Amino acid sequence: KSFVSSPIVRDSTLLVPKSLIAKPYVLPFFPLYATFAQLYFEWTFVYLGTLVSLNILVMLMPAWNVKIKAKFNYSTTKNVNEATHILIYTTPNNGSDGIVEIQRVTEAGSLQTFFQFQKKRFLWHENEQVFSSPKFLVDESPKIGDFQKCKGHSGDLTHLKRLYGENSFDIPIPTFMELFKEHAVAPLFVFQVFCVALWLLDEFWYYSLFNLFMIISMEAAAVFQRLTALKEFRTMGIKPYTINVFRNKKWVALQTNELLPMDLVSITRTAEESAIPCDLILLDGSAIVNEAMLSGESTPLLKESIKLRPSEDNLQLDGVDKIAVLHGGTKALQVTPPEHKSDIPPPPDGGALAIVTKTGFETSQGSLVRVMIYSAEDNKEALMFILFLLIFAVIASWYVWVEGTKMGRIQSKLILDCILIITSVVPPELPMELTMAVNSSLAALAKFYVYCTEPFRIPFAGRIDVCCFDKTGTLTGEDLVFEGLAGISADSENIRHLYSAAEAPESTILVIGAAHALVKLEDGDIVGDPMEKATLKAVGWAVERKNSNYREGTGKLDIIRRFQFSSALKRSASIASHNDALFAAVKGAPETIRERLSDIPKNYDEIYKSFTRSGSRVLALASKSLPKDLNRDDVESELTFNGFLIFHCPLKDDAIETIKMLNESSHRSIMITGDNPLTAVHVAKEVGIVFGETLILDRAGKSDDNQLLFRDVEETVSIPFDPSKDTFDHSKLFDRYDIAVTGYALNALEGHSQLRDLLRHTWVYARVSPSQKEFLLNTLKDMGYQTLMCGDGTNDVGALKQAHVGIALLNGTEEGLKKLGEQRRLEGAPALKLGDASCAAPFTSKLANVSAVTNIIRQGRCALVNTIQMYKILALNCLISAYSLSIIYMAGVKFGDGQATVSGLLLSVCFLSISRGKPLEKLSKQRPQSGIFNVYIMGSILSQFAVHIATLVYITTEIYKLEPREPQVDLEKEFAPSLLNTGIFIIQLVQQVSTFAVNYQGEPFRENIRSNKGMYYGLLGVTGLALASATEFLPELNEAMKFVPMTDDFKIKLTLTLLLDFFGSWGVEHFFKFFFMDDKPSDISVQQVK
Ligand code: BEF
Ligand SMILES: [Mg+2]
């Protein structure tokens, strides 16, 4: 018997399929059918009906639960040589159970059984009799000699291709049937089809068939739209590109999909729209990677080789040995070929050779994406609404049935009346209205290039409480840019004074162009550190083919001999030559240059520490006159200070305004980043997330013991802390200082009693791992708030998936998108990359600016308002119609077709015009309501209904006082012009006007009613028709509308009753909205001065 062995599975039972007659429902039902046939050879037909129903239900019973499907279709066996399926019982926190097909294929005279569950390959090992996932060499504790003594793969590697598979990231998308099955369960669709069945049971067939066709077409179109969106956006951008791989003792060029562990490849300078293939270890050479996408840190690291380490005893640690690993999904800005000769020849390119370690969904990025996809996880308002309407319809049907029994009609007509009531309990224009609303919201979002794949999350963006943010890539760029010199002065009048350019003396502008490592090849190009290129271009230098560069606007320059950048004693050097004299320029970290030059200025330390404590990365450069080969020490004997070079990632010109708009709108915006605390605090303080002084929780000492320390940005205040003894002194910490928790401190405070009281008062989290953003969002969702996440990297994929509404900011300007669209149209500015963050986030702003959050919230407010107003109007109209049927139909009241159609057309015009409205430009501090079931809305609905009923009863009593009552009445008579018909129809029109005019108006969330031309014209027309027919202004139209003339006193009474009805309904609705509105922001949204 099989037994899968992995941390994902819990138990496993083999399965062998059963024949068609072996299925449980089919064999037994034959005795019941034979018994029914014998009894048959009236009341018995319902028995065949229920028997067919139960048979069809047992037929479809498996599809709901997979365990039931395995119980019914397949039978459990304990021999893997014959089982064809296997039931995988997963662990509690890893996806759900499943049925996967056991596959087989013969290789080299021996077949190999295997399957694949959650993209994790399994294989049948006979000696252990288990399905064991592949285990890699770097997973265990490997000897560094085992890595240094590698020479690539050789022979026929057809078993490795089966053990490990291919290096491909292929995400599967759902099909049409599995996507429509989710829409075929909502109560709206079930109620629609049930009502269609009830109606066709007695009414015609052609109209029912057309209606069913329409219902099918609506769902088909919706599912097709959702499927198109999913198929477009649910994928990561991974295009294979040729690389040189050392196989069979020769450098042969394979693709990226054909990489296996322990394969020697040659990585070069990674071009655009590409990244490092998979997890590599640097066997020889050097590089400068950019981990801003996978890790979240802005500075480019400097990786080194592995050859200098002793191969005998040392172990590949991934601790001290983390300066040699290159993850997958990072850009390599520069690569240096090997220096000395090795056993294998150097690569044909200029790249460095490395060793593959993991491939596919086993790497870091692949593992994050896989766990997000597979290991992931109310709709009761509509159900309660249907229950409400059905209760009222039941009371209506009970009354009408009692009255029909007391009058003496047949049972069939009473049944048909009950069915008519239950069918008209909901208007037919509800599903088309919901579809128009969803499509209008989607087409309004798609004007800012914001595409959504879960359209039911747009109403979620109306009551957002906490707005989380990512720093690198979302608020700031991920590339260092120049800022300007510093320290070039002798006045000390100010520290932060940045001479941009064209203001430095000749010495500084010669040193910035003399101490560099860029070179121009013979074909024409420039290779080197990109920040060095940026500064050399901003200063305005032009490099030539020879090492000598000129055309700086001042003169020419030549480089005699240059030095390298060492790992230790980090600095550089160069010996340049000028037409005037000769000097040697030095450029390196300031902490090493300060102890090297003779003349120490008075503001060296002040300027350095002022610019290094806030994000920026300075590079102090110095020079020295050199009179006429030489070593490096005597060149760096004594120098002369010249200035600094300050770089930092610049803010987006849209972040400040967006965060200000969110602050002035009762939103609490926080920051969750992976950068060091200083840069995060600086950017948050510059954008507007924190205002006053800020404290930081980080490790106090160095080694261990989890003892934190509250410390200012500077060295002013230092409050210790112990996660087992001390408790958060709210009075002196939270009221006087903003704070920012790091990742180590947030990890050491696990299990603390006041962790939530802390999380209620921190706005910046720096240096958090990809698995702590999920924890933070889960805690913020358990606290009761509604969260939002807006990021772009791979580390915050789980955070984007866990939030109530997630947004993934791609790259691309507006003009670039317009040009790309124009080119696409003509065929039918770098391109945009889909990345890994767009696979989890439902929304995906194809632009880069941060205003997508504001636009999405502004659309969510409008969508929620529209939903609430539609629910309220439908409830009121349905109650009024139910009463109208129940009571009025029991009297001799009926109208001709002409008046009915003439009024119904305007009613439908207004009802359709309701949905079309434009949201205001300004975000308001008041938030809409969440759901219809509360005190305010329900009270207002019931009170409006009571007022309408009282008015109708008053006019009925008045009319019965005027004209006789006629106790004997019949419901089969045809239409006859009378006074009661007019006196009721006028009030019907007035009530159907008031139910919109009183309940539509929402000022703070969308434009006024007068700006809605359609609905305004409709209501004006209906009220004008009613008021002109009441007082008989045009007798011709009254005689054309089959309205009988009336006396003056009754017309006056009717007009006064109309006015009183309208004004009373409006007044009591305003009363409830004024007394029990309760639109208050949360407690975390208030902003109090400290
Ligand atoms: F810095 Be963020 F987490 F991308
Ligand atoms: Mg990012």
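Residues numbered from 1 in each chain as written, not as in the entry; some residues may be left out. Chains lettered and ligands numbered in written order. Heavy atoms only, no water. Residues with missing side-chain atoms left out of burial classes, pairs and counts.

Determination of this PDB entry was carried out by cryo-EM to a resolution of 3.3 Å, according to the record.

A cluster of nonpolar residues, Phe204, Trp205, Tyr206, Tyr207, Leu209, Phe210 and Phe213, forms a patch on the protein surface that exposes about 1000 Å² of accessible area. Along the polypeptide, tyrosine 207 turns up in helix α8 (residues 206–233). (Patch = residues over 30% accessible without salt bridge, like charges linked within 9 Å, V, L, I, M, F, W, Y side chains within 5 Å. Areas by Shrake-Rupley, 256 points an atom, 1.4 Å probe, with all protein chains shown as cover. Salt bridge = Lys/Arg side-chain N within 4 Å of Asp/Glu carboxyl O. Helix = DSSP H or I, 4+ residues; strand = E, 2+ residues; numbered from the N terminus.)

When the UniProt feature table is mapped onto this chain numbering, "active site" sits at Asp470. Mapped onto the fold, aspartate 470 is located in the loop between β20 (466–467) and β21 (481–484). With a relative accessible area of 5%, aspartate 470 lands in the buried category. The contacts of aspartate 470, once residues within four sequence positions are left out, are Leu475, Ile672, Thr673, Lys773, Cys790, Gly791, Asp792, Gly793 and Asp796. (UniProt positions renumbered as here; feature names shortened; annotations may be inferred. Buried < 20%, exposed > 50% of the residue type's maximum accessible area, 1.4 Å probe, protein only. Contact = heavy atoms within 4.5 Å.)

Okay, the pairing of strand β13 (residues 264–267) next. A two-sided burial pattern is seen for β13, the buried positions comprising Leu264 and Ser266 on one face and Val265 and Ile267 on the other. Pairing of strand β11 (residues 243–246) with β13, which is carried by two bridges, proceeds in the antiparallel orientation. Pairing of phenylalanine 246 across the sheet is with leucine 264, part of β13. Here four bridges tie β13 to strand β18 (residues 352–358), and the two strands are oriented antiparallel to one another. The residue of β18 that forms the bridge with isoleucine 267 is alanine 352. (Pairing = 2+ DSSP bridges.)

Okay, the UniProt feature "binding site: Mg(2+)" in the chain next. UniProt's entry tags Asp470, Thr472 and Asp792 with the feature "binding site: Mg(2+)", counted in the numbering of this structure. Following the sequence through the fold, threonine 472 ends up in the loop between β20 and β21. With residues near it in sequence (within four places) discarded, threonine 472 still touches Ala292, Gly296, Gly477, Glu478, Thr673, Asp675 and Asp792. Polar contacts involving the side chain of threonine 472 include one to the main-chain carbonyl oxygen of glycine 296, which spans 3.1 Å. (Polar contact = N/O pair within 3.5 Å; in protein donor to acceptor, adjacent residues only side chain to side chain.)

What follows covers the sheet that holds strand β35 (residues 738–741). Here six strands make up an open sheet; going across it, the order is β31-β36-β35-β32-β33-β34 and the pairing mixed. Strands with a single pairing partner mark the edges of an open sheet, and in this sheet they are β31 (671–672) and β34 (718–720). Note that strand β32 (residues 694–699) and strand β33 (residues 708–712) share five bridges and pair antiparallel. Its bridge partner lying in β33, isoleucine 696 is registered against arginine 711. Its contacts with the sheet put helix α18 (residues 677–687) on β31, β32, β35 and β36 (762–765), and the angle it makes with β32 is roughly 160°. (Axes fitted to C-alpha atoms, helices over the stretch in contact; angles between N-to-C directions.)

At a minimum axis distance of 8 Å, the contact between helix α17 (residues 655–663) and helix α25 (residues 851–888) shows a crossing angle of 35°. Only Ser851, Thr854 and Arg858 of α25 make contact with α17, whose side of the interface consists of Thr658, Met661 and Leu662. Looking at the contact of α17 with α25 residue by residue, the classes come out as two nonpolar, three polar and one charged. (Nonpolar A, V, L, I, M, F, W, Y, C, P; charged D, E, K, R; others polar.)

Right, let's get into the domain arrangement of the chain. Along its sequence, the chain is carved into domain 1 (243–375) and domain 2 (481–648). Counting residues at the interface gives seven residues for domain 1, matched by seven residues for domain 2. Buried surface at the junction of domain 1 and domain 2, summed over both partners, amounts to about 490 Å²; 68% is from carbon and sulfur atoms. Scanning the region where domain 1 abuts domain 2 turns up zero salt bridges. (Domains from an automatic or database assignment. Buried area = accessible area lost by both parts, 1.4 Å probe.)

A few words on the sheet that holds strand β27 (residues 621–623). Here we have five strands laid out as an open sheet, ordered β24-β25-β26-β27-β28, and antiparallel in their pairing. At either end of the open sheet lies a strand with only one pairing partner, and these are β24 (558–562) and β28 (640–643). The average undirected angle you get between the axes of adjacent strands in this sheet is 30°. In the packing of helix α13 (residues 506–514) onto the sheet, contacts are made with β24, β25 (574–577), β26 (582–587), β27 and β28, and the angle to β26 comes to roughly 70°.

For α25, with 38 residues, the first-to-last C-alpha span of 55 Å sits near the 56 Å given by 1.5 Å per residue. Most of α25 is tucked away: 32 of the 38 residues are buried. (Expected span 1.5 Å × (residues − 1).)

Attention now goes to unusual backbone geometry. Residue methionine 262 is not a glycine yet carries a positive backbone phi of 60°. Along the chain, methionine 262 falls in the loop between β12 (251–254) and β13. Take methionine 262: its relative accessible area is 16%, and that puts it in the buried class. In this model, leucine 569 sits at a positive phi of 45°, which is unusual for a non-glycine residue. For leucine 569, the location among the structural elements is in the loop between β24 and β25.

Time to look at the packing of aromatic side chains. Using the criterion set out here, one finds 30 aromatic pairs in the structure. Seen in terms of ring centroids, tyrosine 206 and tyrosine 207 are 5.3 Å apart; in terms of plane orientation they differ by 45°. Their pairing is tilted. Pair check on accessibility: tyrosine 206 and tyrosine 207 agree, each one exposed. Summarising the aromatic geometry, the rings of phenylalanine 233 and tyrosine 451 are spaced 5.7 Å apart at their centres and angled 45° between planes, so their arrangement reads as tilted. By relative accessible area, which is 4% here, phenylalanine 233 ends up buried. Here the guanidinium or amino end of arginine 668 rests over the ring plane of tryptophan 763, the centre of that ring lying 4.2 Å away. The ring centre of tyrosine 744 lies 5.0 Å from the NZ or CZ of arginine 699, which sits over that ring. (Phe/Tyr/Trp six-rings, centres within 6.5 Å; stacked < 30°, edge-to-face > 60°. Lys NZ or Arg CZ within 6 Å of the ring centre and 35° of its normal.)

Let us look at the nonpolar core. Counting 76 residues, the largest nonpolar core has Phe710, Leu758 and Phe843 as the members making the most contacts within it. With five residues, α18 is the largest single contributor of residues to this core. Excluding residues within four positions of it along the chain, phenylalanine 843 makes contact with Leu445, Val450, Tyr451, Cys452, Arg457, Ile458, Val805, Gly806, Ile807, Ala808 and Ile856. In this structure, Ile421, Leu864, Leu874 and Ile888 belong to the second largest nonpolar core, which totals 60 residues. (Core = buried A, V, L, I, M, F, W, Y, C linked by side-chain atoms within 4.5 Å.)

Take the pattern of salt bridges next. Following the criterion strictly, the structure yields 20 salt bridges and no others. In this structure, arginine 247 engages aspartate 263 in a salt bridge whose closest nitrogen and oxygen atoms are separated by 2.7 Å. A residue pair is termed long-range when its members are at least 10 positions apart, and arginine 247 in the loop between β11 and β12 and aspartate 263 in the loop between β12 and β13 qualify at 16 residues. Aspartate 263 matches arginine 247 in its accessibility class, with the two residues each being buried.

When you line up the elements, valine 252 lands in strand β12. Classification of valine 252 as partly exposed rests on a relative accessible area of 26%. Separated by ten residues in the primary sequence, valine 252 and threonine 242 place their C-alpha atoms 10.0 Å from one another. Apart from residues lying up to four places away in sequence, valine 252 is in contact with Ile243, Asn244, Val245 and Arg247.

Of note, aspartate 321 is situated in the loop between β15 (286–290) and β16 (325–326). Polar side-chain contacts of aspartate 321 include one of 3.4 Å to the side chain of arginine 309. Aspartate 321 has contacts with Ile306, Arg309 and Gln316, leaving out every residue within four places of it along the chain.

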